[PDB]
Amino acid sequence: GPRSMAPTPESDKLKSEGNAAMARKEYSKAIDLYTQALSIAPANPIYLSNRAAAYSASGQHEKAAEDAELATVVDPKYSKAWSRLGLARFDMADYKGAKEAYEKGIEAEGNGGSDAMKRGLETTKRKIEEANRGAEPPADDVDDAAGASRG
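Quick look at the structure:
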(Lines of atoms letter the chains of each structure in order from A; the text may use other names.)
(Lines give C-alpha, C1' and ligand atoms only; values in the text may rest on other atoms or scores of the structure.)
Protein backbone atom coordinates (compact mmCIF):
# COMPACT_ATOMS: atom_id res chain seq x y z
CA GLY A 20 0.00 0.00 0.00
CA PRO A 21 0.88 3.72 -0.12
CA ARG A 22 2.90 5.56 2.52
CA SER A 23 1.02 8.08 4.66
CA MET A 24 3.45 10.78 3.46
CA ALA A 25 3.52 11.97 7.06
CA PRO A 26 5.97 11.52 9.98
CA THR A 27 6.30 8.08 11.56
CA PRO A 28 8.18 6.69 14.56
CA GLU A 29 10.80 5.64 12.00
CA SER A 30 11.23 9.08 10.43
CA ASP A 31 11.47 10.64 13.90
CA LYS A 32 14.12 8.12 14.92
CA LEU A 33 16.10 9.14 11.85
CA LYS A 34 15.64 12.80 12.82
CA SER A 35 16.96 12.10 16.32
CA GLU A 36 19.91 10.23 14.84
CA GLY A 37 20.44 13.24 12.60
CA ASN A 38 20.36 15.52 15.64
CA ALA A 39 22.98 13.37 17.35
CA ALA A 40 25.17 13.57 14.25
CA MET A 41 24.93 17.37 14.37
CA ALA A 42 26.09 17.28 17.99
CA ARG A 43 29.17 15.32 16.90
CA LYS A 44 29.74 17.74 14.00
CA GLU A 45 29.27 14.92 11.49
CA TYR A 46 27.38 17.19 9.13
CA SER A 47 27.50 14.99 6.05
CA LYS A 48 25.95 12.13 8.03
CA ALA A 49 23.33 14.47 9.48
CA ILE A 50 22.40 15.59 5.98
CA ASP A 51 21.99 11.95 4.93
CA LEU A 52 19.92 11.01 7.99
CA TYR A 53 17.59 14.00 7.65
CA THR A 54 17.25 13.13 3.97
CA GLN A 55 16.18 9.61 4.95
CA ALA A 56 13.59 11.11 7.30
CA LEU A 57 12.39 13.30 4.43
CA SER A 58 12.04 10.27 2.15
CA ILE A 59 9.38 9.02 4.57
CA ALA A 60 7.75 12.40 5.21
CA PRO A 61 8.54 14.63 2.21
CA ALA A 62 8.71 18.41 2.75
CA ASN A 63 8.33 18.11 6.52
CA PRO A 64 9.23 21.57 7.88
CA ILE A 65 10.96 20.22 11.00
CA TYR A 66 13.11 17.79 9.02
CA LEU A 67 13.73 20.46 6.37
CA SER A 68 14.83 23.07 8.89
CA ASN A 69 17.12 20.54 10.55
CA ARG A 70 18.73 19.62 7.22
CA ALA A 71 19.11 23.36 6.56
CA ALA A 72 21.10 23.67 9.78
CA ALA A 73 23.39 20.86 8.64
CA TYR A 74 23.88 22.48 5.24
CA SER A 75 24.68 25.83 6.90
CA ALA A 76 27.17 24.23 9.31
CA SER A 77 28.95 22.65 6.35
CA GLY A 78 29.07 25.95 4.47
CA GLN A 79 26.48 25.00 1.86
CA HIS A 80 24.40 28.15 2.11
CA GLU A 81 22.43 27.77 -1.13
CA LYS A 82 21.27 24.30 -0.14
CA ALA A 83 20.48 25.58 3.35
CA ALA A 84 18.40 28.39 1.85
CA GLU A 85 16.45 26.03 -0.40
CA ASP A 86 15.57 23.72 2.51
CA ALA A 87 14.61 26.63 4.76
CA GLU A 88 12.58 28.29 2.00
CA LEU A 89 10.64 25.12 1.28
CA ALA A 90 9.90 24.82 5.00
CA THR A 91 8.57 28.40 5.07
CA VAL A 92 6.43 27.65 2.02
CA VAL A 93 4.93 24.54 3.63
CA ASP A 94 4.54 26.17 7.04
CA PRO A 95 4.92 29.98 7.03
CA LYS A 96 3.99 29.94 10.74
CA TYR A 97 7.07 27.92 11.72
CA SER A 98 9.43 30.52 13.16
CA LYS A 99 12.53 28.28 13.21
CA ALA A 100 12.42 27.89 9.42
CA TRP A 101 12.50 31.67 8.98
CA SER A 102 15.47 31.93 11.34
CA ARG A 103 17.31 29.29 9.28
CA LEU A 104 16.47 31.14 6.07
CA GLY A 105 17.68 34.42 7.55
CA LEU A 106 21.07 32.97 8.44
CA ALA A 107 21.47 31.21 5.10
CA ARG A 108 20.70 34.41 3.19
CA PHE A 109 22.98 36.40 5.49
CA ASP A 110 25.80 33.95 4.72
CA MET A 111 25.13 34.48 1.00
CA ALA A 112 25.44 38.27 1.51
CA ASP A 113 21.76 38.60 0.59
CA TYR A 114 21.17 41.05 3.41
CA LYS A 115 17.86 42.40 2.07
CA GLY A 116 16.52 38.84 1.89
CA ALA A 117 17.90 38.02 5.33
CA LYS A 118 16.18 41.07 6.80
CA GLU A 119 12.85 39.98 5.29
CA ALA A 120 13.23 36.41 6.58
CA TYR A 121 14.07 37.53 10.11
CA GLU A 122 11.14 39.95 10.13
CA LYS A 123 8.75 37.20 9.07
CA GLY A 124 10.33 34.85 11.61
CA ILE A 125 9.77 37.41 14.36
CA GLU A 126 6.10 37.76 13.40
CA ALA A 127 5.64 33.98 13.26
CA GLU A 128 7.38 33.51 16.62
CA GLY A 129 4.62 35.62 18.14
CA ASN A 130 6.68 36.97 21.01
CA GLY A 131 9.04 39.53 19.50
CA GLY A 132 11.39 36.86 18.20
CA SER A 133 13.90 34.40 19.58
CA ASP A 134 17.23 35.80 20.76
CA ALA A 135 18.73 34.54 17.50
CA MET A 136 16.08 36.25 15.38
CA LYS A 137 16.34 39.57 17.20
CA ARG A 138 20.14 39.64 17.03
CA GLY A 139 19.98 38.38 13.45
CA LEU A 140 17.68 41.23 12.43
CA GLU A 141 19.75 43.79 14.31
CA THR A 142 23.00 42.61 12.72
CA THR A 143 21.44 42.48 9.24
CA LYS A 144 20.04 46.00 9.56
CA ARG A 145 23.40 47.26 10.74
CA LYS A 146 25.07 45.73 7.67
CA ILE A 147 22.52 47.39 5.41
CA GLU A 148 23.00 50.73 7.18
CA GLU A 149 26.79 50.37 6.84
CA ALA A 150 26.33 50.06 3.07
CA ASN A 151 23.80 52.90 2.86
CA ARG A 152 25.94 55.37 4.79
CA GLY A 153 29.17 54.36 3.06
CA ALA A 154 31.52 51.56 4.09
CA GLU A 155 34.49 53.92 3.75
CA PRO A 156 34.90 57.41 5.23
CA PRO A 157 35.15 60.25 2.69
CA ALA A 158 38.60 61.82 2.33
CA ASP A 159 39.07 65.53 3.00
CA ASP A 160 40.48 67.57 0.09
CA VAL A 161 44.21 68.24 -0.22
CA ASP A 162 45.27 71.58 1.25
CA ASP A 163 45.91 74.51 -1.07
CA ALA A 164 46.89 76.78 1.83
CA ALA A 165 50.37 78.29 2.06
CA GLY A 166 52.82 76.26 4.14
CA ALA A 167 53.28 79.13 6.58
CA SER A 168 49.55 79.65 7.16
CA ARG A 169 49.56 77.54 10.34
CA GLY A 170 52.11 79.76 12.07
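Under this note's numbering, the sequence shown is numbered contiguously, ending at residue 170. Here a beta-carbon is modelled for each residue, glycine too, at the ideal position from N, C-alpha and C.
- For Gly124, the number of other beta carbons within 10 angstroms of its own is at least 16, and it is reported as buried.
- Bounds of any alpha helix (DSSP H) do not take in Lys44, whose DSSP letter is neither H nor E.
- Residue environment for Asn151: exposed (fewer than 16 other C-beta atoms within 10 angstroms of its C-beta).
- Looking at the backbone, the Cα of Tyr114 and that of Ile147 are separated by about 7 Å.
- Annotation: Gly132 is outside any alpha helix (DSSP H) and is labelled neither H nor E by DSSP.
- Judged by beta-carbon spacing, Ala62 lies beyond the 7 Å limit of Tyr74, meaning their Cβ atoms are not closer than that value.
- When secondary structure is reduced to three states using DSSP, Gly170 falls in the coil class, being assigned neither helix nor strand.
- In this structure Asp163 is exposed. Its beta-carbon is surrounded by fewer than 16 other beta-carbon atoms within 10 angstroms.
- Judged by their CB atoms, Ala76 and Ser102 are not nearer to each other than the 7 Å cut-off.
- In the structure shown, the three-state DSSP call for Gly139 is helix.
- Cβ neighbours of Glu122 within its own chain (closer than 8 Å, five residues either side excluded): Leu140.
- Distance from the CA atom of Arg138 to the CA atom of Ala49, rounded to whole angstroms, is 26 Å.
- In its chain, beyond the 5 residues on either side, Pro64 have a beta carbon closer than 6 Å to the beta carbon of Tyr97.
- With a beta-carbon spacing of about 15 Å, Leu57 and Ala40 fall beyond the 8 Å limit used to define contacts.
- A distance below 7 Å separates the beta carbons of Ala90 and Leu67.
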